[PDB]
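Structure, as structure tokens:
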Ligand SMILES: OC[C@H]1O[C@H](O[C@@H]2[C@@H](O)[C@@H](O)O[C@H](CO)[C@H]2O)[C@H](O)[C@@H](O)[C@@H]1O
Ligand SMILES: OC[C@H]1O[C@H](O[C@@H]2[C@@H](O)[C@@H](O)O[C@H](CO)[C@H]2O)[C@H](O)[C@@H](O)[C@@H]1O
């Protein structure tokens, strides 16, 4: 909190700063008086204007005199402080090491906008369950740099809708808005359909959320949680269970223009499986390349 | 399919036809929503052009002038009139340069090298201007076709192309500002002269009728559904189309499948650099050679 | 001591508003002695503010907040925020951590480097701060190594923002200014790793004369001494201090012959095997150092040892200096190991440079870079670069970036040293760069195939190399004046563009582009020509203003980034409107200072040039079209004036003024002539040549000429034709 800030006079009084030398209240989350002034006199007036929760966007390193990562101090203390004004409140912040699942939500940050980034992200998300960090929020469509491809944006939103959190976000570019009507009529309508589907899924998501909290079961599981002895459960990195009733195989590669369809190799466990959208059936157990138009996503449900 | 229909609409006859395949129907709704809507728009445009076509037809029959002329009929001594095989005059008021090559996916636009004869030319759809004489690569999205009109062009259009009626009950007179012009609309049982002289637009006919005339002067509808012969002074009215460099630049950068850093730098630099010659020098450094030509078309129109 | 603050075990010295010394001492004693790096901590008093509490201290200057929270220096206890917004969150220094932004400095050598190598940091940062750690030994008042500093951490925080020239000036105040070079150092040097005889060396020097190539320096490489004649029991012949008597039967006579030709003479010295029992000076060194001669005990190289250094200077170098050796080429490649912990290369450069001043005023060495402050011992010797386009393409960037750690007299092997591959165009481009570099020393490997003699090459390459070699001597007045400005004002001859244009992004995007003195901007071509154009090219950033090609007068309107094309015989060098460049009219003439100066004036603006010389200062002023020349002292010097294209005044003596408002401002350079020449040399279709010449002649409107070239299927030909249209606009 530097001397030009609206809260500076109050913080300066609380922390006995030299206002005529414009002494800054430097960031110091090791310091109880700094933390109290930050929550009460910096955040407090903004919460009184109606701010519901904090997006902690920390990128300035792991250094403190205590040896505790400032990101851990922020997530631990801000998450606790957030519970004062709202029941079951959240933060939005980067991962701060094992146990930092206690401070949801995860914020993965400034991914490069590319097919390669999207192709990593389902694997990244399900693998995080292996250290109990089950509420990653990715920038849906990618954050910055990279390149334009409306199909990439649409595939990324498909994944997002079947991810822990569906937060559309972008860079300072005039050219990277995630608004559906940025794109052509086909892309726009498909994005609107998937965005509506996210809200249709809130009952299922909220029920899974209460199961994470009470039973320690992740919403997104790698295949090997359910099928630990099946070699194929270790060979489909981007394939996952989504709650207990759905199995997702996002398409994360640009379509084959000769087919006008993208594809992904799906492992179907034993049993009869149905495409969640079309009812197309599949007899497990089998590994089978599946093809979808850019407007359609491979999501499957078992008989029953 | 869409590029072929664009050409067809600006050809002597617009007959959709196909093979015995289950897969080759020319129905617009065979295709996706973007292609369908564009095909419907071009199919409606064909019927808007029937007055112009029927008048040209009577000129073929009576005067021996083709509807579709190679450039060298009008410009026999211009070498460039022999170097643009697919470019043609369509009646006396329009010049067509169909795009007949698959789009460049990095630009999301197709292109054609256009020869612009001497004079000031306007895109018939957008009003984008071009100073002739020049040979210039022009870029269009798959939904847009290069069709051009000179300053002073007057093109009649059927206002009600869906309406079943032997002759139009309403004509739109589309006028391109910047020069005098004239158009004679020959019909089954009439002749109607539209004259544009020192900014005065006059419509007269051999026989009287209940036909309602609409006037569009550049961008703006000036007269709606006026009956009978009349004259209106357009010297007072806005000559300029809305088409502007900045809007067109943003749209081309926005659709392009290129790096966002390149989009940001081009938009910033072309906004900041004031001198036209230095804007051209900036785009001359671009590593994408086709993007250079696309940006050069916008700078040439905005010069 | 107002500018000195102690807190806990630390000491802070506010040297300038933008420079703070930071020390730690366990013993509570802090270091006042000079170090290998630091020669002077006397700076004028400055104002700053302190916030001192029980547990913390904050020092506040116009540009930085320095914080210390007590205890040992860590990334948490010692850190600084700059008062700039050049970045969003790279504005904080943490002790012991790296931040983004450093514009780099230099490195020891280009030995064995093909193209790029990593550089050390310099004191310049785009984000406005840099830390220079002093890890060196303390010196005595006379400059011997005294041992370890009592300041066990000793740092300099630079917070100059993008005032790079002031950062460098204050670095020279802290570490000592660069000394003046002698004028001879700025001419052409001849060198080759080749077993010349006295006879064949003098024959080559006389061939240079016959060929109209001026030289200032005759280097004799290691085959001057015994090599194959060294018995293998002693190790190799690499180190030597004994003339090969077959090649040099009378060394003093041979050096007298080079001196009669007005050449300065240096010998290669490989010091690392010291003075072994076969050497001519060994009996004297053995006596001085009490060596066991019957066991042939070697005087091993030991620059930590005062008696070794004295025997080296007095009894090894001394007899060779008496034969006429003018200065030493120290060629050290055998590592950084000594019992003192001081790099032997630093000991050599420090002590040899000092020793060189005994027999010659403003004498030099030639040696590799020995770390920050080693600018005090010019000249830099970059060494054994690989002969390649990649090496040449690195070298302008390398040279201008070195100014960021104050090391402004790099001498590169012009044309590259060794290995690599033959390409006469590479050799010619490398010489073009060399002529516009700090030092122009031709040198090569032991290959029979790598001589840099111009007449090694074909008649076209030979004539161009001769022309550039003559141009180097024409530029000696300009170089010598810039040299005196380095020594007195701390301004580098070669500056990166961002010294003059710190806020222009394009000044950071033209790595090989540089200012050369204050009147010229150089963009060397460092890529093989496009055979379809028969021209090489480089993207040039033209700052605001009107610029002229220094050779052709081709004009360019800044600000613009523009690809420029030149034949292999021509180099992109530019001067602003109002530039005044002195040239020696008689570059082949042997004379201590020019008897005649050409004043080359670029029309279109006011200008000024100060020619600093050994015993004079001469001011050329161009103000409202009036050109005036005045000097402190009078002389018989004859002044020639060239105003744009035309010689206005020939060989006029004394001070004078001439009005040039009446005279032709325009160069002859014209679009049509240049277009014809580019089309004529191009290896393209004659139908294309015909069409381009016809269309560009017929089309009147500039915008439509550009539209015509925009349709060309040859993308590089478009850019070449666009350069001509831009200049002709
Ligand atoms: O708050 C603005 C954004 O800040 C962070 O991302 C920055 C990014 O958008 C761009 O400006 O680059 C910098 C340097 O890499 C990033 O720090 C957050 O990650 C982002 O979510 C914000 O929108
Ligand atoms: O004194 C002879 C040369 O020695 C050094 O370069 C050597 C080089 O020419 C070749 O022989 O390879 C060795 C091993 O890499 C180098 O040490 C100097 O760098 C050079 O300037 C001399 O001419």
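For chain C, place one equal point scatterer on every Cα, skip the solvent, and apply the Debye formula. What is log10 of I(q)/I(0) at q = 0.06, 0.07, 0.09, 0.10 Å⁻¹?
Cα-only, vacuum Debye calculation for chain C: -0.41, -0.56, -0.90, -1.09.
Looking at chain B as a GNM with Cα springs under 10 Å, which of B:103, B:77, B:145 has the largest mean-square fluctuation?
Highest fluctuation of the listed residues: B:77.
Relative contact order for chain C: what percent, with Cα pairs under 8 Å and sequence separation of 6 or more? Before the final figure, lay out the partial values.
On the way: 1540 pairs, mean separation 67.9, N = 729.
9 percent.
Viscosity 0.692 mPa s, temperature 37 °C: Stokes-Einstein D of the protein assembly as shown from its Kirkwood Cα radius, in µm² per second?
On the way: Rh = 38.1 Å.
D, rounded to a whole number, is 86 µm²/s.
Please give the Cα centre distance for the stretch A:277-295 versus the stretch C:590-617, rounded to the nearest Å.
That distance is 83 Å.
Taking 8 Å as the Cα distance limit and 6 or more residues as the minimum spacing, I'd like the relative contact order of the stretch C:119-180 as a percentage.
Values: 68 pairs, mean separation 21.1, N = 62.
Taking the mean separation of contacting Cα pairs over the length of the stretch C:119-180, I get 34 percent.
When N counts the residues of the stretch A:1-220, how does its alpha-carbon radius of gyration compare numerically with 2.2 N^0.38 Å, as a ratio? Write down the numbers at each step before the final one.
On the way: Rg = 19.8 Å, N = 220, 2.2 N^0.38 = 17.1 Å.
The reported ratio for this selection is 1.16.
Just to be sure I understand: with springs between alpha-carbon atoms less than 10 Å apart, which residue in A:284, A:243, A:109 has the highest mean-square fluctuation in the Gaussian network model of chain A?
A:284
Tell me, what is the percent relative contact order of chain B, built from C-alpha pairs under 8 Å that lie six or more residues apart? Numbers along the way, then the final one.
Values: 526 pairs, mean separation 40.1, N = 303.
Across chain B, relative contact order equals 13 percent.
Where in the stretch C:703-717 does the amide nitrogen come within less than 20 Å of the point 7 Å from the Cα of residue C:687, taken along Cα to Cβ?
Counting only backbone N, you get C:708-717.
Does the stretch B:1-43 classify as rounded, prolate or oblate by the C-alpha gyration tensor (a ≥ b ≥ c root eigenvalues; a/c under 1.5 gives rounded; else a/b over b/c gives prolate, otherwise oblate)? Spell out each step's value before the answer.
Details: a/c = 2.48, a/b = 1.12, b/c = 2.23.
The shape class here is oblate.
According to a simple spin-label model (label point 7 Å from Cα along Cα-to-Cβ), what is the distance in nm between residue B:62 and residue C:287?
12.7 nm
Of B:267, B:67, B:45, which is the most mobile in a GNM of chain B whose springs link Cα atoms less than 10 angstrom apart?
Looking only at B:267, B:67, B:45, the biggest GNM fluctuation is shown by B:267.
Arranged from highest to lowest average of other beta-carbon atoms within 10 Å per residue, in what order do the peptides C:1-14, C:119-132 appear?
Values: C:1-14: 16.3, C:119-132: 23.0.
So the order, starting with the most tightly packed, is C:119-132, C:1-14.
State, to one decimal in nm, how far the label point of residue B:37 lies from the label point of residue C:606, with both points 7 Å from Cα in the Cβ direction.
6.3 nm
Rg to Rh for the stretch B:68-168: what is it, with Cα atoms only and Rh by Kirkwood? Each step should come with its number before you reach the end.
Details: Rg = 15.0 Å, Rh = 14.8 Å.
On the Cα set of the stretch B:68-168, Rg over Rh gives 1.01.
Using only Cα atoms, locate the centre of the stretch B:185-204 and the centre of the stretch C:184-222, then give the distance between them in Å, rounded to an integer.
Cα centres, the stretch B:185-204 to the stretch C:184-222: 91 Å.
Counting partner chain Cβ atoms within 10 Å of every residue's Cβ in B:42-52, what's the average?
Details: counts 0, 0, 0, 0, 0, 0, 0, 0, 0, 0, 0.
Per residue, the number of nearby Cβ atoms from other chains is 0 on average.
Using a 10 Å cut-off around each Cβ of peptide A:167-177, what is the average number of partner chain Cβ atoms that fall inside? Each step should come with its number before you reach the end.
Numbers: counts 0, 0, 0, 1, 3, 1, 5, 8, 12, 3, 1.
Across the residues of A:167-177, the mean count of other-chain Cβ atoms within 10 Å is 3.
Report the extension gain between residue B:209 and residue B:193 in nm, rounded to one decimal, defined as 0.36 nm multiplied by the number of residues separating them, less their alpha carbon distance. Show your work: numbers first, answer last.
On the way: separation 16, 0.36 × 16 = 5.76 nm, distance 1.39 nm.
Between residue B:209 and residue B:193, full extension yields 4.4 nm more.
If packing is taken as the average number of other Cβ atoms within 10 Å across a peptide's residues, how do B:228-236, C:697-705 rank, most packed first?
Numbers: B:228-236: 12.3, C:697-705: 14.4.
Put in order of decreasing packing, that is C:697-705, B:228-236.
If you project the alpha carbons of the stretch A:70-126 onto their three principal axes, what span does each projection cover, largest first, in Å?
Rounded to whole Å, the extents work out to 41, 21, 19 Å.
Out of all Cα-Cα pairs in the stretch C:113-224, roughly what percent, to the nearest whole number, are more than 20 Å apart? Walk me through the numbers on the way to the answer.
Values: 4227 of 6216 pairs.
Counting every Cα pair in the stretch C:113-224, those more than 20 Å apart make up 68 percent.
Please give the helix A:70-82 orientation as an angle from the longest Cα principal axis of chain A, in degrees from 0 to 90, rounded to the nearest 10.
Roughly 90 degrees between the two axes.
Counting partner chain Cβ atoms within 10 Å of every residue's Cβ in C:698-710, what's the average? Could the numbers behind the result be given before it?
Values: counts 0, 2, 0, 4, 2, 8, 8, 0, 9, 13, 3, 1, 13.
The mean count of partner-chain Cβ atoms within 10 Å per residue comes to 5.
Of the listed peptides C:299-312, C:168-181, what is their order by residue-averaged count of other C-beta atoms within 10 Å, with the highest listed first? Could the numbers behind the result be given before it?
On the way: C:299-312: 18.7, C:168-181: 21.2.
Result, highest mean first: C:168-181, C:299-312.
Virtual Cβ from ideal backbone geometry, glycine too; neighbours counted across all protein chains shown. Quick note: the coordinates plus some simple rules give every number you see, no bench work behind them.
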